[PDB]
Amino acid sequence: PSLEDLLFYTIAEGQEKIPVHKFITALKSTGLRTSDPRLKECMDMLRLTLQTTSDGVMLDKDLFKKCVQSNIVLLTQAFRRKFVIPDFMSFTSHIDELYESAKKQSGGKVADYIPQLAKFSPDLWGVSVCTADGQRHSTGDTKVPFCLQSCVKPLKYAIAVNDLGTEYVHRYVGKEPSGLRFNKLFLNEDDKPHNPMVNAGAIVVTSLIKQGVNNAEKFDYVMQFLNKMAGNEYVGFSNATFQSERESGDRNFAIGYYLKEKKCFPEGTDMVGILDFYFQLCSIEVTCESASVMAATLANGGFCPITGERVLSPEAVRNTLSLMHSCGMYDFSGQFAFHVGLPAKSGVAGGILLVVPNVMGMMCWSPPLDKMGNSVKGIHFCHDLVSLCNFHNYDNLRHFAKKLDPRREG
């Protein structure tokens, strides 16, 4: 008996050897990417044996075992259809029609707040999927960088809860939606911002991360933290929006000064500096692939799906998903929690960092926003997504009408 041989004959045909063009397209059809970090060791050993004999792309029973032996447990669950979406290619084609049915919603206005965001083209539209098992798919402008803006608010909240714990973090920021009331107010009635997803609350959260060290070290700590959430995929920084958001942020300055008398920061806070750190964190750049992985990290209880590493404590992810449910889409949050039922977070660059817990993480991106600040195409996509699969938070995994459950086979 052997796990490697059994997998060999499943791909082999009962034939003697496997061409390695056939092995990787068998692999790519599980949705995995040959660049998966949990597979380097297997593809490190395939570029090795694809120089030893440049003739015969072919692989014995025994040559197969020494390329895959290292990663075999992850490869067979991929090949025994044991990933969270077993027929991943069927699901991606649904992602495709979902992408392109959203593609003809030309409504919306791109943020003119800054010359750096009006800059971005209204025809950009990208959707990226990463499952809790690492299966990936993209369509549209999926590797164009854009800034997270307020899509970083759950990520910095998670970091704060991860390092400091729920109870401390919420001495300083609430945990409830304000109400379609106070788009306008900074503080709840305990003189705390309502929740980490609104600018007043985000700024307070930003004040908590890595106290006692300067703002350059603090920023690097969030960036290496954000690196782990993304499996070390792309996360950058556009100094252009950063310097443009510091010239044009009188209300963050309004909020900041509002927080000082009201003694909403912890002792020793340099508010004007924290405003700079906040402006930096909102100009962090990602793609939808990058961001989809961080989404999937939250989809996966704090484990990065493409590295297997523990990034965020489960307590941090639960809280972060809790509040993205209720507060994550500006004024549209309650409507969104009702009709979509997914923890999501939107940003002025056109991003929606969407999380389907226990299934997949996603990132949508189209710069045209509606009049509540949400990517028009993005909102459309998530409505269609829940309208077609039982990813809604309170769909039943047993009785779900004419919806699909991509989590199951036949």
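Don't overthink the numbering: it's just position in the shown sequence, from 1.
Report task. State which stretch shows the higher mean Cα B factor in the entry: 110-118 or 244-252. Result -> Per the deposited B-factors, the answer is 110-118.
Requested in this report: On mean C-alpha B-factor from the PDB entry, just flag whether 211-219 or 320-328 is the higher one.
Outcome: According to the PDB entry, the answer is 211-219.
Requested in this report: Name the one of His137, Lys263, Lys175, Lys184 with the greatest CA B-factor according to the PDB entry.
Outcome: Top of the list by C-alpha B-factor: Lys184.
Query raised in the report: Among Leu27, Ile352, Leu63, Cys382, which residue carries the highest C-alpha B-factor recorded in the PDB entry?
Result: Answer for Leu27, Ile352, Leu63, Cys382: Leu63, with the highest C-alpha B-factor.
Query - Modelled-residue ranking by C-alpha temperature factor, third containing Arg47 - result: Top third by C-alpha B-factor.
Query raised in the report: What third of the chain, by the recorded C-alpha B-factor, contains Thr76?
Result: Its C-alpha B-factor belongs to the highest third of this chain's values.
Requested in this report: Among all modelled residues of this chain, ranked by Cα B factor, put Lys228 in the bottom, middle or top third, i.e. lowest, middle or highest.
Outcome: Lowest third, going by the recorded CA B-factors of the chain.
Query raised in the report: If you rank every modelled residue in this chain by C-alpha B factor, which third holds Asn374: lowest, middle or highest?
Result: For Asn374, whose C-alpha B-factor we compare with every modelled residue in the chain, the answer is the middle third.
Query raised in the report: Going by the entry, which third of its chain does the Cα temperature factor of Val286 land in?
Result: Ranked within chain, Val286 CA B lands in the lowest tercile.
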